[PDB]
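Participant: Below is the structure, and that's it, no one-letter string:
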Ligand SMILES: Nc1nc2c(ncn2[C@@H]2O[C@H](COP(=O)(O)OP(=O)(O)OP(=O)(O)O)[C@@H](O)[C@H]2O)c(=O)[nH]1
Ligand SMILES: Nc1nc2c(ncn2[C@@H]2O[C@H](COP(=O)(O)OP(=O)(O)OP(=O)(O)O)[C@@H](O)[C@H]2O)c(=O)[nH]1
Ligand SMILES: Nc1nc2c(ncn2[C@@H]2O[C@H](COP(=O)(O)OP(=O)(O)OP(=O)(O)O)[C@@H](O)[C@H]2O)c(=O)[nH]1
Ligand SMILES: Nc1ncnc2c1ncn2[C@@H]1O[C@H](COP(=O)(O)OP(=O)(O)OP(=O)(O)O)[C@@H](O)[C@H]1O
Ligand SMILES: Nc1ncnc2c1ncn2[C@@H]1O[C@H](COP(=O)(O)OP(=O)(O)OP(=O)(O)O)[C@@H](O)[C@H]1O
Ligand SMILES: Nc1ncnc2c1ncn2[C@@H]1O[C@H](COP(=O)(O)OP(=O)(O)OP(=O)(O)O)[C@@H](O)[C@H]1O
Ligand SMILES: Nc1ccn([C@@H]2O[C@H](COP(=O)(O)OP(=O)(O)OP(=O)(O)O)[C@@H](O)[C@H]2O)c(=O)n1
Ligand SMILES: Nc1ccn([C@@H]2O[C@H](COP(=O)(O)OP(=O)(O)OP(=O)(O)O)[C@@H](O)[C@H]2O)c(=O)n1
Ligand SMILES: Nc1ccn([C@@H]2O[C@H](COP(=O)(O)OP(=O)(O)OP(=O)(O)O)[C@@H](O)[C@H]2O)c(=O)n1
Ligand SMILES: Nc1ccn([C@@H]2O[C@H](COP(=O)(O)OP(=O)(O)OP(=O)(O)O)[C@@H](O)[C@H]2O)c(=O)n1
Ligand SMILES: [Cl-]
Ligand SMILES: [Cl-]
Ligand SMILES: [Cl-]
Ligand SMILES: [Mg+2]
Ligand SMILES: [Mg+2]
Ligand SMILES: [Mg+2]
Ligand SMILES: [Mg+2]
């Protein structure tokens, strides 16, 4: 046989490159996943991730309360935190024993898979009582925020998209939903009558994951990296695996 | 009057047969329910059922964590079980005090009502971090598993469909979503423009039920049987009520 | 060892100690107890008996 | 065939009688069990049974403390009861908050199986510090109490032997060991050199049982009766199953 790495008959090499390219491109086919992640960062360094993975479209929607830090199996000031919520829902509405709940997110990062079409991204960033823009009557139910998404790149390939906003002020008390649609460069509408029931089934088949990791280090090591997910850390370092035409 | 059970003028008998046939056939009309049940069996003999009942289509989606046994009002090693989850999400990722959580399901049974079309059944059986097939990039978001569904029969009538798989190995750690579409032998597409908003409303109107029963006996006696639901027990015994052309 | 002594006991952790009294009553006589579980996960799933190579196997009794 | 219950060819009847006679006589063979039960009766009506079943010989030995009522999974005044014990071991030796512990047995019944030889029965009924007769130096380590054992009879057959003594006074604070030897009408000594190691093995093979039942009713119903054990209740009623030459 020919010697490795020296000729056009390195079939092991050709197959390796195809294996990777096939994965990149499968993800972008209409048969592929589109995935969204919401990372809620807490002052103690821990991070709640909520991930949803589905065909065609995908999204996450959380209440103010659901985005607050919850330490499984530990004390959470659960009564005081009911009282905190009452004062967040209406000023001077509760009887809490703290000015600022350290369970409130300090920041949110939203990441989409590279199979999303960024122009389809929509965000409903509501107030603490789940209203998008001050009052329902004048609320558009979303903002199209794709222009703000940065490309997470590795080796020159787009491995994901990130929108990050800090919530560092006392008044940054939010509810949050986000949504993106899978790339579809074709003129086959996946929600036209021929395939619409499959999109309805995709709503039932969407897989959800949620967990609080103790530190960004741990998220990078045990959540992002093992699963070949895209990420951007606090030091603006990009994580992910470039696959297209790559060995 | 004619004597009962002796002539074609037993109207009480005719009405009884129609009453039953009407129910079988109503369920199969597009006005009818389609229902799915996920049974998660635990080593202590208890069983979590999640049921969803809706028009047109129906499905259930649960995280790894949500399928774990939770004993309401009793101790659940809640801190250790956070640690268990960390080691299930990534090997050697947690600091638990047990090798195997007895809260992990030992088996799953998926049952559909007889109004499902088995060829529409789709399952997303993911890993513990809610990925269908090892990595998102190469994951088809579902498998069409209808061929594996057994018919639950009573008196010769199909009263439901069952797919059962055990999770007896240490590595059987799953997330799970399943979906089926209601029978529609017509060429009226329920999700075409004339009726699509009704299917969107059906997503909001789907009724959910979940509860942990202490034993299969108790599930059969107090969940399955009172509600005329189909079931298949560990001894391969079929439960349900035959209705078509029956008194 | 008794039935009870072979059951799992987690030193320094919770063991459903009251419910497990009730489990034992139903194991000693069917329908004899008032437990909140069908199967106690504290029951052994298997037993291995090992002897040293200095045993005479023909003397083994169980 | 001959008609049942009318002739000497009722083989079903002959076999039934042999089946029963074989059990009575097997128990009395040297291959058979000898069994002892100690019942400790508490003021709340509950009863601790300790049973031991072995070949050749059998016995039970318990400390003062081990004979005290212990309610599994409930509160037992465990600290105060340490203090009670200190005052029982030496007068005015402890700092308890009660004059009389209701955990002290009110009575003891000792029962042997009908395979015991009553003349071999020996009892060490010690004081609270496990001394048989006031001081070790002058203590015989047992008393041969067989003469006091009453026969528990059913249908004229000896189904067991009972010695019962109440402990109704404040000073009845005891330690207790009892022992009996299996019938051996032969001149083959089971502890002579030919079989002595088998008796040593019988010491390891003796099976023990202990449990606190809530009432004498419950002991009769769920302990004594299901297992064909002999008993004598507070109303002097005999329980057991006659087997010799019986259908
Ligand atoms: N400035 C301000 N914003 C409020 C207040 N209450 C709610 N908000 C919301 O805060 C959102 C903007 O959040 P931020 O960007 O963290 O506040 P900012 O004033 O821009 O401060 P910087 O981002 O740090 O420059 C707006 O969309 C408002 O709807 C308030 O009392 N003052
Ligand atoms: N065999 C194996 N399967 C794994 C492992 N990790 C995850 N799995 C998943 O296990 C799934 C199959 O589960 P099982 O059917 O219970 O395993 P099995 O090897 O077929 O064992 P049996 O079903 O009892 O014959 C596969 O789809 C794998 O994706 C692993 O380390 N070994
Ligand atoms: N009488 C008496 N017996 C004691 C005392 N201390 C220990 N004992 C033991 O109590 C045992 C006898 O118990 P009982 O039969 O309940 O006492 P009793 O005086 O015979 O009273 P009755 O049996 O009700 O007639 C004796 O063997 C003594 O060793 C004590 O202070 N007085
Ligand atoms: N919508 C898209 N989805 C996936 N890949 C894309 C998309 N658009 C361009 N690419 C490819 O991704 C790689 C990077 O292109 P891109 O335009 O992001 O890089 P750039 O010009 O260096 O940076 P930027 O546009 O962010 O300033 C190229 O191979 C490009 O063909
Ligand atoms: N998709 C269906 N939905 C409901 N009923 C059906 C369907 N297909 C067939 N039936 C009816 O159900 C009854 C049983 O038919 P079926 O083919 O399941 O039984 P079978 O041939 O004895 O068993 P099997 O096909 O499982 O080997 C018949 O009345 C049949 O007409
Ligand atoms: N040591 C023994 N073991 C077993 N059975 C015996 C023993 N001695 C006698 N028996 C038998 O038990 C039955 C009852 O005999 P037993 O002498 O106990 O009754 P009794 O004379 O009516 O009453 P008691 O001797 O208690 O005043 C008879 O069949 C007798 O042969
Ligand atoms: N504004 C507040 C806050 C707390 N408490 C009291 O604080 C007690 C315990 O604190 P809690 O808020 O419940 O937190 P933890 O018990 O410490 O932690 P967790 O409840 O999450 O286990 C509660 O009984 C509650 O009555 C109160 O009276 N008023
Ligand atoms: N790997 C572990 C597991 C448990 N614990 C400690 O175990 C204590 C109590 O056990 P827990 O896991 O919380 O279970 P339970 O309290 O018995 O039951 P539950 O919390 O569900 O009421 C907790 O305070 C926790 O700190 C720990 O330190 N490390
Ligand atoms: N069949 C049962 C089982 C439990 N309980 C109640 O459950 C409470 C606490 O559960 P327990 O069985 O005692 O287990 P744990 O306290 O969680 O753990 P452990 O007692 O071993 O520390 C007890 O007070 C008991 O009264 C009950 O009433 N009936
Ligand atoms: N003579 C005594 C008796 C009891 N106590 C105190 O009583 C408290 C609780 O009573 P306890 O004797 O321990 O019984 P319970 O806790 O009610 O039941 P248990 O310990 O068996 O669970 C203990 O902390 C112990 O310090 C004491 O100081 N002095
Ligand atoms: Cl495609
Ligand atoms: Cl219809
Ligand atoms: Cl013999
Ligand atoms: Mg706890
Ligand atoms: Mg609290
Ligand atoms: Mg307890
Ligand atoms: Mg105590």
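Facilitator: Looks like it came in fine. Numbers count the residues shown, from 1 in each chain, chains lettered A, B, ... in the order given. Ligands and ions are numbered 1, 2, ... in the order given.
Participant: Pull the contacting residues for the residue of chain A found nearest ligand 2.
Facilitator: In chain A, no residue comes nearer to ligand 2 than residue A:226, which is 13.5 Å away by C-beta to the nearest ligand atom. Every residue, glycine included, has its C-beta placed from N, CA and C. Applying C-beta atoms under 8 Å, 6 or more residues apart in numbering or on different chains, we find residue A:226 in contact with residue B:90.
Participant: where does it land in three-state SS?
Facilitator: Secondary structure, DSSP: H, G, I helix; E, B strand; the rest coil: residue A:226 is helix.
Participant: So which residues of chain A form helices?
Facilitator: In chain A, the helices defined using DSSP state H lie at A:11-28, A:64-67, A:78-89, A:196-205, A:216-219.
Participant: near ligand 1, which residues of chain A?
Facilitator: A:169, A:171, A:172 (C-beta under 6 Å from any ligand atom).
Participant: Out of the residues you listed, which comes closest to ligand 12?
Facilitator: Distance to ligand 12 across those (C-beta to the ion) is lowest for residue A:172, with 50.9 Å.
Participant: which residue is nearest the middle of chain A?
Facilitator: By C-alpha atoms, centre = their mean, chain A has its centre lying nearest to residue A:37, at 1.6 Å.
Participant: wouldn't that one be in contact with residue A:232 here?
Facilitator: No. Using C-beta atoms under 8 Å, residue A:37 makes no contact with residue A:232, being 11.0 Å away.
Participant: Tell me how many other residues crowd the nearest residue to residue A:70 once chain neighbours are set aside.
Facilitator: Spatial nearest neighbour of residue A:70, excluding adjacent residues (C-beta to C-beta, 6 or more residues apart in numbering or on different chains): residue A:76 at 6.0 Å. The local packing of residue A:76 (other C-beta atoms under 10 Å in any protein chain shown) involves 14 other residues.
Participant: For residue A:76, give its distance to residue A:130.
Facilitator: According to C-beta to C-beta, to the nearest Å, residue A:76 and residue A:130 sit 22 Å apart.
Participant: quick one: the strands in chain A?
Facilitator: A:33-41, A:47-55, A:57-62, A:107-112, A:122-126, A:150-154, A:157-166, A:175-181, A:207-213, A:231-232, A:238-239 (DSSP state E).
Participant: Take these and lay them out in TSV including distance to ligand 11.
Facilitator: Listed next are those as TSV, based on distance: least, C-beta to the ion, whole Å:
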stretch	distance to ligand 11
strand A:33-41	13
strand A:47-55	11
strand A:57-62	15
strand A:107-112	19
strand A:122-126	23
strand A:150-154	23
strand A:157-166	19
strand A:175-181	14
strand A:207-213	20
strand A:231-232	27
strand A:238-239	28
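Participant: could these be laid out in TSV, adding distance to ligand 5?
Facilitator: What follows is these, written out as TSV (distance: least, C-beta to the nearest ligand atom, whole Å):
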stretch	distance to ligand 5
strand A:33-41	31
strand A:47-55	26
strand A:57-62	31
strand A:107-112	40
strand A:122-126	40
strand A:150-154	48
strand A:157-166	44
strand A:175-181	35
strand A:207-213	29
strand A:231-232	47
strand A:238-239	49
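Participant: between these, which gets nearest to ligand 9?
Facilitator: When those are compared by C-beta to the nearest ligand atom, strand A:207-213 sits nearest ligand 9, at 25.1 Å.
Participant: Neighbours of the closest residue to residue A:209 other than its chain neighbours, how many?
Facilitator: Sequence neighbours aside, residue B:130 is the residue nearest to residue A:209 in space, at 3.7 Å (criterion: C-beta to C-beta, 6+ apart). If you count neighbours by other C-beta under 10 Å, residue B:130 ends up with 27.
Participant: same check, this time on residue A:120
Facilitator: Other residues near residue A:120 come to 17 when the count uses other C-beta under 10 Å.
Participant: quick one: contacts for the residue nearest to it when sequence neighbours are not counted?
Facilitator: Nearest non-adjacent residue to residue A:120, counting by C-beta to C-beta, 6+ apart: residue A:181, 3.6 Å away. Shown in contact with residue A:181 (C-beta under 8 Å, 6+ apart): A:34, A:56, A:57, A:116, A:117, A:120.
Participant: Can you name the residues bridging to the fourth one?
Facilitator: Taking DSSP bridges as the rule, residue A:116 bridges to residue A:182.
Participant: Looks like residue A:94 contacts residue A:81 (just checking).
Facilitator: No. Using C-beta under 8 Å, residue A:94 makes no contact with residue A:81, being 9.8 Å away.
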